[PDB]
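Novice: Sequence first, structure after; it's an experimental one.
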Amino acid sequence: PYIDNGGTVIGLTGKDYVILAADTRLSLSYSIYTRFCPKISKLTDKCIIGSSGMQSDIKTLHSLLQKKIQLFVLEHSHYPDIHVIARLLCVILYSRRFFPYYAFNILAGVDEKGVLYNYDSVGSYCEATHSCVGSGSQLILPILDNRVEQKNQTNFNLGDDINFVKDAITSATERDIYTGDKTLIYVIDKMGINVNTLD
Amino acid sequence: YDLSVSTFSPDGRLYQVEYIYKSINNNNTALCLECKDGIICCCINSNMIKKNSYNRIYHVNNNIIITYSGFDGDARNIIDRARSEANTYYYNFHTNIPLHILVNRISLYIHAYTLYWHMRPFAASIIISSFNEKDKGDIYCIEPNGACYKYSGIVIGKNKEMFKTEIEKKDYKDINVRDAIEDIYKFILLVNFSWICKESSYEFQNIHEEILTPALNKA
Amino acid sequence: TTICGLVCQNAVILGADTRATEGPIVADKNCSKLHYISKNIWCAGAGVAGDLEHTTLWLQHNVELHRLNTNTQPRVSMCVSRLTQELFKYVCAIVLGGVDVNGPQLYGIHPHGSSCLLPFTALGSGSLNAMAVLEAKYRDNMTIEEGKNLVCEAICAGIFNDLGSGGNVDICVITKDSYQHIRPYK
Amino acid sequence: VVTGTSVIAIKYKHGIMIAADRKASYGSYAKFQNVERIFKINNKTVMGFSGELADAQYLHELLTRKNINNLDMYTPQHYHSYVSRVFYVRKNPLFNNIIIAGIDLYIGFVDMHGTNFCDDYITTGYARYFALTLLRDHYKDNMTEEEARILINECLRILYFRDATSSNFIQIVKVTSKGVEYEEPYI
Amino acid sequence: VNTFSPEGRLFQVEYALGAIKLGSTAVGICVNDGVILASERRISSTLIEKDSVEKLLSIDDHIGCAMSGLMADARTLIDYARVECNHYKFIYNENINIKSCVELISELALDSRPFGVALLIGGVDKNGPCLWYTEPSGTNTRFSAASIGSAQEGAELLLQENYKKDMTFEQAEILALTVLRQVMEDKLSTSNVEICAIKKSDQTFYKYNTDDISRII
Amino acid sequence: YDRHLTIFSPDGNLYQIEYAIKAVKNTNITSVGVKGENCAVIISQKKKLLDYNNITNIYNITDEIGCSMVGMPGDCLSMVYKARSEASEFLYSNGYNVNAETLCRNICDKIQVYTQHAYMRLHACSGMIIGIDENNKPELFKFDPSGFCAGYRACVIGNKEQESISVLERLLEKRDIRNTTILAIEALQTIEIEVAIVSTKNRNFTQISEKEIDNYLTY
Amino acid sequence: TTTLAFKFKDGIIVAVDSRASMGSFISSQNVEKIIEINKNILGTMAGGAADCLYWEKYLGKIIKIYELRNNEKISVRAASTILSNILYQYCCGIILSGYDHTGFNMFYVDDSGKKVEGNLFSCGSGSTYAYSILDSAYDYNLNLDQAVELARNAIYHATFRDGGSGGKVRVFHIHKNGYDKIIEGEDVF
Amino acid sequence: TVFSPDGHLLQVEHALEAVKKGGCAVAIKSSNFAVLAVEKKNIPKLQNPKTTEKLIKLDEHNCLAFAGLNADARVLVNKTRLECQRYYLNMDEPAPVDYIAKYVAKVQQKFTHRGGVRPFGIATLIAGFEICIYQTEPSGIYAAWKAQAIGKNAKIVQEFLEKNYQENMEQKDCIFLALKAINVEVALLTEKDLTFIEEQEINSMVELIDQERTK
Amino acid sequence: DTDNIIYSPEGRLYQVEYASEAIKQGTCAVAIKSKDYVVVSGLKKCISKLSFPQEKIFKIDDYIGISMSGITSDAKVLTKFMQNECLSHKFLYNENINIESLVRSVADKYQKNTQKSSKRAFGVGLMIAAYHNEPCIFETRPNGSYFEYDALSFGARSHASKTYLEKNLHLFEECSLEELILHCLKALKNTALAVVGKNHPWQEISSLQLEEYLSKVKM
Ligand SMILES: */C(=C\S(C)(=O)=O)[C@H](Cc1c[nH]c2ccccc12)NC(=O)[C@H](CC(C)C)NC(=O)[C@H](Cc1c[nH]c2ccccc12)NC(=O)CN1CCOCC1
C-alpha cells in the first residue's frame, strides 16, 4: 500500500525568509507519469508545505491539513501560528501510526526569519536551519551543509541563496534518477509567497 | 383520542391522520393532467422578495415526475427518499425503476410514520407519474397514511375540487397533444407546467417559457 | 467411517458402521452413526464425531420443533436445507434418508455443504470401497429384502477393506409409515 | 479474472480523443473479444478503465449512481476527485487504472493506489510504454481530428503488435462541443 | 423540556434564569492592564474552614472564571471546560483564545436540564485581556466590565459610574473593590472577597494573598 | 387513561382492539371468501378519473397463496408486503412453500405483537388467505386485528360480517368452479366485483378472467 | 540515542545526546530529547522520536488536567505510573525525574511498560557506556562541579564509543525549584 | 428534573428532606485527628441489627459518615470504594480526601443533572488526610468544614456546637464535644486510620455526660 | 395537545409556529442583490453601556456568508454544521461547495429537527447570501421550507424594511456597490454590514471606513 516517489522538496530558512524548492516530476518505479506534478502545496496563509511520499498520501494529507487550517481559521477567525500547524501534523500522523502515512513531510512558515518543521512519516517533527526529504535528500544535505554552515573550515543573500538552492538541485538531477529536471521554488518573504518555475 | 397518530378513536377514525387532509386541503394546488399523448403535471405556488422561481415539481429520474402539496419540507424530504430509492434500485438492478414499485415504496415510506407514537406523519400528498409509448401514462396520487392510487389525472392542493369540474372534462383533457396547457390557463380561473410526452422524448422537462407564451397569449 | 444407504421399492434403507477411532488406536467399540431425526427420516453422518453430534442435535431439534409448530410431517428436503445452510456458514458429511409426500428421498451432503439427491450413497473412508460393490449390484425398485442384504454386503466390504473402518453393522428401513431400526445388523 | 490491457486518451482544442480495444482476456486467454471498457458517465464526461473488469464495472455503477443525483452539472474535475477519493478510501483494494476525461478540456489519470494527476495526454496500462512515448513523441496541441486520430491509430498500431494482449479492433470515443460521440466503428 | 412558549421564548431556559439570582456576587473588570476578578467571600458559614471555598477558579493557566448560581452545575462546566480548553493545547503550545474557550462552554451550554449557572470567564490571550460573560441561555458576550450574582442587579450601574478603559490594573482593583464592597454587609476584608487577576504582561492567573487585599484596604 | 392506549379495562376487556375492528367494520368494503369443493373462491367489490382497473383487495403473496385484505389500506399493503416477506423467508430457510396456516402464523403473530406493545398502533386490517395445502385439501384462513389464525369452510369480511353468515348458510346447504364461483358472485348479489380462485391451475392462485366475469353473473 | 540521569546531593540531573538519526543517515543533530512536563518533573525520551514525542505531550496533558484538578503539583511516581498504565496497552523506553520527596525521585518506564525506580538510570543505544562511568566514577553523592563534569564526561565517552549517538551535549541540573540548562558542542579538547 | 419559575430545582429540594429527617451525625476536626460520631436507633433485643450503621472506611486512610437513605448510601459508598481503588491504581498512591470529595460530588450532581435517574436521598461527610473534612449535600455541592452535623435537627446540634467550639484539642477530649453535640456510633479517624471505638471504653464518659447534665 | 409530534384540529403544528414568535424578538437584518454582488447588513443589539454588541454576520466559506436571526445557540450550531459540511465538501471533491446544495442540506437539518418530537424546532432562521457563480440570497424558515430571494429583511421591526423594499427594485441601481450599500443602509434605517460578489468574496466592512460610510445616508 506504499509506493516510492521522489518529490525532493527542500526547505531553507534565510535570515529574513524561507525558501522551499521541489522538483515537479512524478514517477512510478522507473517510468515517469506526469512530467509536471505539484509536490508542494500552499497552506492558506504565510506558510507552505511539501512532501515526497506516495502521491495518494501526499494529496490526501495536504487536503486534510488544508481542511484543518481552514476549519481552524474559520472557527477562530484567526490565521494559525506555524507551530500549531506542525504540531497538528504530529497529531494527525501519529493518530495513524499503526498504518502510517508514507508521506515524509516539510513545513515552512514565518512568525513575523523562516520558522520551519521538517520531519519523519509519523510526525517526529523538528525545526531546522534547512531541510530535505525525498530520495534527493541524502545527496543534497552536504551541499546545503557547507554553503551556509561552516562547522569545519553572508550566507543568505536572496540572490546567493536562491543560487545555492538552484545549483544544489540542478546537481541533484544529475546524480539521482528520481529527481526531475523541472523545479518549483517558493519564497516566503514577509510580504507574501513567491512562486518560481525555474528549471 | 385525537392526540395520537397511533391511538384509534372510539369510532376507529384516526383524527391525527385526518388532520393531514386539512393541511393538504389548505395548501397550494398542484394539478397533474394526462394527455392521450403524454403527461403534464403543473403547480400554482402562491408563496422585493423573489418571485422568479419556487418549483414544486421534481423528478426521480429524467423520466419519472413528482409533484406535491402540503408542507414543503416534508415533501422535499420524500423527494430525497425517492431519489435514493430510484438510485438504489439502479445500483441493484441495472435498470430504471418501474413507476409502480416506486409508488408502492413511497406508500410504505409515508405509511411508516403513522404507526409511531413519537413520530409525526408527513403532511404532503404526492403525485408521481411517468409516460412512455409502451409505458402508458399513469398518475399515482399518494394521500398520507398510504393508499396510493392510480389516476387519469387528479388535482391536489387547496382548490382541487373546483378544478375537478375542468379535469372531469377528461375526454377533452385526453383530446390534447400539446394544447392541454392553453386550455388549463383559462381553466384555472410561480406556475410550473412540464412535459412527459413523445415530443418530450418521454424524458421529463420544464415546459419552455416561449412555449409558455402561446398559452398565456391564447387569451 | 463407511456409511451406505439405498432406496428400495417403497422405503429408504440406511446402514452404517459402528466403530469410532481416534486415528491410531480405536477409541470406541461402538457408536451411533444412524441418528433418528424423525420417525420417517434419519441422518447418517460421517466425519469428526464432535461436529456430527452437534449439527445432528441442532438439526433434530430444528426439525422436531418445526414439526410441532406446523401440521406437515417435516418433509425430507427441509432437513437438507437446514443442514446445508449450516455447513455453508463455515467438517462432517451426512447421508439422509426419509420418506414423504414425494418418494423415499435420500440425500448426500458434502463437508462444504453441497447437496445431492441420490439413488444410493456412501461416504467416509469406506466410500470408495462401498462404491465398488454397491454400484455393481444395484437395481432400481429392489424388493426391500434386497436392500436388507445388499446394504449389509457393501458395508461389510467397506469394513474389511479399510484400516479406518471395522466393527459391527447396523441397518434400518425408513418406511414413510415407520422407521424400523435394528441396533446390530451383524 | 478479466483484464483490459490498455486505454489511451489525448486532446486537442476542438475536442478530445479517447480509445481502447474491446478484448477482455480471462487469464491466459481471451474471453470477450468485444468488451466495452470505455463508459459514459456524462454528456461531457467518460471514464476509461484498464485493469480487472469487475472492479471497473463496480466503479462504473458507483460513478453513475453518484451522477444521476446531480443530473451546474458535475464537472470532470469533481468526477475525478470523487474517483481518486474512492480509490484511496478503498485502499486503507480495487484494481484498475481508470482515467476520467471530458470537458476547457480535462484529462485525469488514477493509478491503483489512488495516485492521480492531470495532463494533456494520458495512456493507461501497457500503452504507456508501447504508445505513450510515441504519443509523447508526436503530440502537438491543436491537432485537427485527422492529425490526432491518425496519431492515436499509429499508436494503437504499435501497441497491438507489441502489447501481449490487445484486440484487433478499437472501440473509440471523441468528445466534442456538440456532445460526446461514441463511434461504433472498430478496426 | 423544550416546549416553546406561545410567547415565543423557550420555556425551560427562561425558567432557569432565576438560578443565578441565587448567586453571590462577583465583579470582573477587564482593563487595559489585565482582568480584575472580585467576589463575595462573606458567603462563608462561621465554621466552614475559613476562606477554603473559591467561587473564582481557573479553567487554564491563563483563564479565571467566577461563577453564578448553583455551585454544582458550575463545578461541572468548569470541569469539562478545564478538560477541553486543555485538550486544545495537546501538542501545540498556544492555549485556547478566551473567546473560543468560552465559545466551547456556551456551545455545550446550549443543549437533562439546562445549567443553572452563569460564568464570567477572563484571561489574556490576544494582546489584551478578555472578559466574557456566559449566560445560562448559551448566549455568549464580551463585556469590557461586568458583574454577576443578584447584587449585579443594581451594582452594575456602579461600573457605568466609573469604568474608563485607562487604568493600571491596580486602579482597576480599587474600582472593582469599590463596587463590590458597596454591596456587602460586612465592611470588606479578605474574608469578604476572593479577588484574582490576570495581568496584561504576567498573563498568569493569581488569586491575591489576603495580606494584599488587607493592605489596599 | 386506559382508552388512550393499548391497555386493559377496569372490566378486564381491551379497548383499542375493538376500535381497530371498527376501522375494518366501517371501511365498508365487504368481501366474501368461500371454499369450493377441491377449489376456492375469494371475491370483493372493487370499491371519477380513478381507475377501477387498478383497484383490488385480493393480492397474491406466492403462486399458491392469495390474501384478500380489508381495513386501513396502508396497513394492508404493509401486511401484504410482510406476508410476501414471510413466505420468502420460509422458502429460503426450508425449501417448502408455506401452508396457508403457516403464513397465518406470521400474519397473525406480526399482527399480534402490536397488541401488547403499547407504542405502535394495533393493526387496522384484516382479510382471508387461500392456498392449496401440502394436504391436497384447499385451505382458507382468516385473521383479525386481534390475533386469530381463525379457520373456515367459508367467510366474509368488512362492513358486513356475521350479518351474512346466516345468508351464507343458504349457499352452505348447496356448498366444481361453476358451482362454487356462482356461490361467491351470488354471495355478493345475496348481500365490477373481483373473483379469485386457486384452482385455475389447481395449485396456482389466480384471479378469474375479466371476459368470464359476466357469464356466471348471467347464469 | 543516549540519555543519562543521576542524583547527587543538590538534586537530580539530566543529560542527553541531541543527535537523532534515521538509520545510518543523520536526520538531525538539533533534536531535543529532553522534555518538561509538570513545572518540576521532566522526562527524557529514548528510542523512536514520533511515539516518544507523542507520549510525552500526552503526559503533559494528563498531568496538566490533574494539576488543574487538585490545584497542586503531583508526585513523580504518579506521572511514571500513568505511562506505565498506558504503554502497557502497546514503542520506546523513557526516564523520569522530579521533586515531591525531600530527595528528587528518578524513574524509568520501559516500552514494555515496566516501571523502575532508582538512582542513576540511563537509556538509548549508548547507555551502557556512560552507564559504566556512573558507578566507576559515581559510587556516591557529590558536588555540582563534580557532577556537571561527571555527566559531561560520561556523555563524552558515550559519544566517542557509540556511533548511534553523539552531536551536542545538553545537561540539565534540577533545582528544588525548577531546573537549569546547559548545551555544548564537541569537547574532546 | 426541571426548573420551577423561581429557578429552584424541585427533585433536589425534596431530596434534601430525607436528610432533613434522618439519623444525626457529626464530625469534629483537628491536626492529625478527627472524631466522627453518628446516631442510629435499633430494637434492643437485636444487637446485630445495625452493624451497618457503623462509620464506613473507604480506604485505610479515609473514612465516611452519612445520613439519609441507607439503600442509596450503600450504592454511593460502593462507587466511592471502586473509585478510590481506581485512583489508587492509576497513581499507585492513595486518594486524597479532596479528590474523592470531588468525585463523589460529581456523581451526586450528575444524577441531578442527566435524565433517567432519580436524585440521591443522602447527605455525606468525609474525613481524611493535614486532616480535613468535606461535607457533601444532595445538590452536588461540597464544602470544607471545621465542624459540621448532618441529619434530623442538624441545626440544634450544630448551632449548639458553635457555642462550644474549640479547635485543636486532645485525642480523647476532642471526642467529648461530639457527644456534647450528639445510643452512639463513635469512630475516630487518626493516624490516617479509621477506628471503631471500643464499646466499653467510652462507657466512663458515657456516665459523666449522663450526669454532668444532671449534676 | 402541546407537542410538535401532533397536528391541531385546524391541521396546524403549533410548536414550529412558535419559532417565529421567537424570531420576532431578534434584531432586523436586510439584504440587497446587485446583479453581480450581494450586500447584507445586520443590527448588533447592545445589552449594556459596557457590552460590546454581538455580530450577526458570519462567514461559512470563501464566497458564502450568513446572518442568523433567532436564538443564538441554534444559530451557532447551524453555523458549525454548515461550515463542517462545506469543508467536508471541499475535502471530498477539491471543489467549492454549491450554494444551493448547502441551503438544501441545512434545510434538511431543520426539517429533521422539526419533525422528530424529542428534538425541538430551531428558533432561528438563516439568511444565507452567496454564490458559486451568480449572486443569491436564500432564507430558511424554521422548518424545511427555504426560499430564494431578491431582497430580504427580518427580525424585529423589520416591517419598515419590508414595506420599504417595494420602493426600490433590488437592482434599481445595482451597477455601483456604493449605490447598493446606500440602499442597504436606507433599507435598514456597532451596527454591522458585509459585502460579497464577483472578485472579492465575503467581506465585512465594519472598519472605520464603514463609519465614514454611515454619514452617507445623511451626507
Ligand atoms: C469417521 C472416521 S473417518 C476417517 O471415516 O471420517 C468417524 C465418525 C464417527 C465416529 N464416532 C461417531 C459418533 C456419531 C457420528 C459419527 C461418528 N469419525 C472419526 O473417526 C474421527 C476422526 C476424524 C479426524 C475424521 N475421530 C475423532 O474425532 C475422535 C473421537 C474420540 C476421541 N476420543 C474419544 C472418546 C470416546 C468416544 C470418541 C472419541 N476424536 C478427535 O479426533 C479429537 N478431535 C480433535 C479435533 O476435532 C475435535 C476433537
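Specialist: Structure's in. What do you need? Numbering: from 1, shown residues only, chains lettered A, B, ... in the order given.

Novice: Can you verify my assumption that residue E:58 contacts residue E:206?
Specialist: No - Residue E:58 is not in contact with residue E:206 according to Cβ atoms under 8 Å; the separation is 9.4 Å. For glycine as for every other residue, the C-beta is placed from the backbone atoms N, C-alpha and C.

Novice: and chain G, which of its residues are near chain A?
Specialist: G:20, G:22, G:25, G:27-28, G:30-31, G:48-51, G:53-54, G:57 (Cβ under 8 Å from any Cβ of the partner chain).

Novice: from those, which two are the most distant?
Specialist: G:25 and G:57 (25.9 Å; Cβ to Cβ).

Novice: Is stretch E:135-154 positioned near chain I?
Specialist: Yes - interface with chain I: stretch E:135-154 contributes E:137, E:138, E:139, E:140, E:141, E:142, E:143, E:144, E:145, E:146 (Cβ under 8 Å from any Cβ).

Novice: residue contacts, the residue lying closest to residue D:117 once chain neighbours are set aside?
Specialist: Excluding its sequence neighbours, the residue lying closest to residue D:117 (Cβ to Cβ, 6 or more residues apart in numbering or on different chains) is residue A:34, at 4.6 Å. By Cβ atoms under 8 Å, 6 or more residues apart in numbering or on different chains, the residues touching residue A:34 are A:25, A:26, D:117, D:118, D:119.

Novice: Once you drop chain neighbours, what's closest to the closest residue to chain H within chain B?
Specialist: Taking Cβ to the nearest Cβ, chain H has its nearest neighbour within chain B at residue B:118, 15.6 Å off. Excluding the flanking residues, the one nearest residue B:118 by Cβ to Cβ, 6+ apart is residue I:117, at 4.6 Å.

Novice: and chain A, which of its residues are near chain G?
Specialist: Residues of chain A lying near chain G (Cβ under 8 Å from any Cβ): A:90, A:93-94, A:97, A:120, A:122-129, A:138.

Novice: Show the buried residues in the residues you listed.
Specialist: Among those, the ones that count as buried by 16 or more other Cβ atoms under 10 Å in any protein chain shown are A:90, A:93-94, A:97, A:120, A:122-129.

Novice: buried stuff in stretch C:59-72?
Specialist: Quick answer for stretch C:59-72 (16+ other Cβ under 10 Å): C:59, C:60, C:62, C:63, C:66, C:67, C:70, C:72.

Novice: what does that stretch rub up against?
Specialist: Taking Cβ under 8 Å, 6+ apart as the rule, stretch C:59-72 contacts C:35-38, C:41, C:43, C:73-74, C:78-79, C:82-83, C:86, F:94, F:96, F:99, F:101-102, F:105, F:133-135.

Novice: wait, is residue B:8 part of a helix?
Specialist: No - if the criterion is DSSP: H, G, I helix; E, B strand; the rest coil, then residue B:8 is coil and not within a helix.

Novice: Would you map the strands across chain D?
Specialist: D:6-12, D:15-21, D:24-25, D:30-32, D:38-42, D:45-48, D:99-102, D:106-110, D:116-118, D:121-125, D:170-176, D:179-183 (DSSP state E).

Novice: Can you add mean neighbour count and give those back as TSV?
Specialist: Putting the strands of chain D into TSV (neighbours: other Cβ atoms under 10 Å in any protein chain shown) gives the following:
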stretch	mean neighbour count
strand D:6-12	26
strand D:15-21	25
strand D:24-25	20
strand D:30-32	14
strand D:38-42	20
strand D:45-48	26
strand D:99-102	28
strand D:106-110	23
strand D:116-118	21
strand D:121-125	26
strand D:170-176	21
strand D:179-183	14
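
Novice: Tell me which of the ones you listed sits nearest to residue B:195.
Specialist: strand D:179-183 (20.7 Å).

Novice: What is the burial count for the closest residue to chain A within chain C?
Specialist: Across chain C, the shortest distance to chain A (Cβ to the nearest Cβ) belongs to residue C:90, at 29.9 Å. Other residues near residue C:90 come to 9 when the count uses other Cβ atoms under 10 Å in any protein chain shown.

Novice: For it, give its distance to residue C:113.
Specialist: According to Cβ to Cβ, to the nearest Å, residue C:90 and residue C:113 sit 8 Å apart.

Novice: do residue E:194 as well
Specialist: 77 Å.

Novice: Residue F:219: neighbour count?
Specialist: Around residue F:219 there are 8 residues (other Cβ under 10 Å).

Novice: ok, which stretches of chain I are strands?
Specialist: Under the criterion DSSP E, chain I contains strands at I:29-34, I:37-41, I:127-130, I:136-140, I:146-149, I:151-154, I:193-197, I:200-203.

Novice: Would you tell me which of the ones you listed gets closest to residue D:107?
Specialist: From these, taking Cβ to Cβ, the stretch that ends up closest is strand I:200-203, at 29.7 Å.

Novice: and the closest one, which strands flank it?
Specialist: strand I:193-197 (antiparallel) (DSSP bridges).

Novice: and the partner strand, C-alpha only, in CSV?
Specialist: The C-alpha coordinates for strand I:193-197 follow below in CSV (Å, rounded to 0.1, in the frame of the first residue of the first chain):
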residue,chain,number,x,y,z
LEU,I,193,-22.6,45.4,7.3
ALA,I,194,-20.9,42.9,4.9
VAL,I,195,-20.2,42.5,1.2
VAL,I,196,-19.8,39.6,-1.3
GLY,I,197,-19.6,39.3,-5.0
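
Novice: Contact partners for whichever residue of chain E sits closest to chain I?
Specialist: Here the residue of chain E nearest chain I is residue E:8; by Cβ to the nearest Cβ that distance is 2.7 Å. Applying Cβ under 8 Å, 6+ apart to residue E:8 gives the contacts I:18, I:19, I:20, I:21, I:22, I:23, I:24, I:25, I:123.

Novice: quick one on the thing from earlier: closest to residue E:131 out of the buried residues of stretch C:59-72?
Specialist: Distance to residue E:131, by Cβ to Cβ, is smallest for residue C:62 among those, at 72.7 Å.

Novice: Tell me the first helix or strand C-terminal of whichever strand or helix holds the closest one.
Specialist: Element membership for residue C:62, per DSSP states H and E: helix C:49-69. Using DSSP H and E, the helix or strand that follows helix C:49-69 in sequence is helix C:76-88.

Novice: Centre of the chain to that following helix, how far?
Specialist: Between the centre of helix C:76-88 and the centre of its chain there are 14 Å (Cα atoms, centre = their mean, to the nearest Å).

Novice: Stretch G:73-89 too?
Specialist: 15 Å.

Novice: same question, stretch D:8-22
Specialist: 8 Å.

Novice: picking that back up, can you flag the buried ones in the residues of chain G next to chain A?
Specialist: Buried among the residues of chain G next to chain A by 16+ other Cβ under 10 Å: G:20, G:27, G:28, G:31, G:48, G:49, G:50, G:51, G:53, G:54, G:57.

Novice: can you pull out the helices in the chain?
Specialist: Because you didn't say which chain, this covers chain A. Along chain A, counting by DSSP state H, helices occupy A:55-76, A:82-94, A:137-148, A:158-175.

Novice: My question was about chain F, not that one.
Specialist: Counting by DSSP H, the helices of chain F are F:16-25, F:73-94, F:100-116, F:165-172, F:177-189, F:213-217.

Novice: With neighbour numbers in mind, choose between residue E:58 and residue E:206.
Specialist: residue E:58 (20 against 16).

Novice: Burial check on the nearest residue in space to the more buried one that is not next to it in sequence, number of neighbours?
Specialist: For residue E:58, ignoring the flanking residues on the chain, the nearest one in space by Cβ to Cβ, 6+ apart is residue E:205 at 4.9 Å. Residue E:205 has 24 neighbours, counted by other Cβ under 10 Å.

Novice: ditto for the one 5 residues further on
Specialist: Around residue E:210 there are 17 other residues, counting by other Cβ under 10 Å.

Novice: Residue B:11 now?
Specialist: When counting by other Cβ under 10 Å, one arrives at 11 neighbours for residue B:11.
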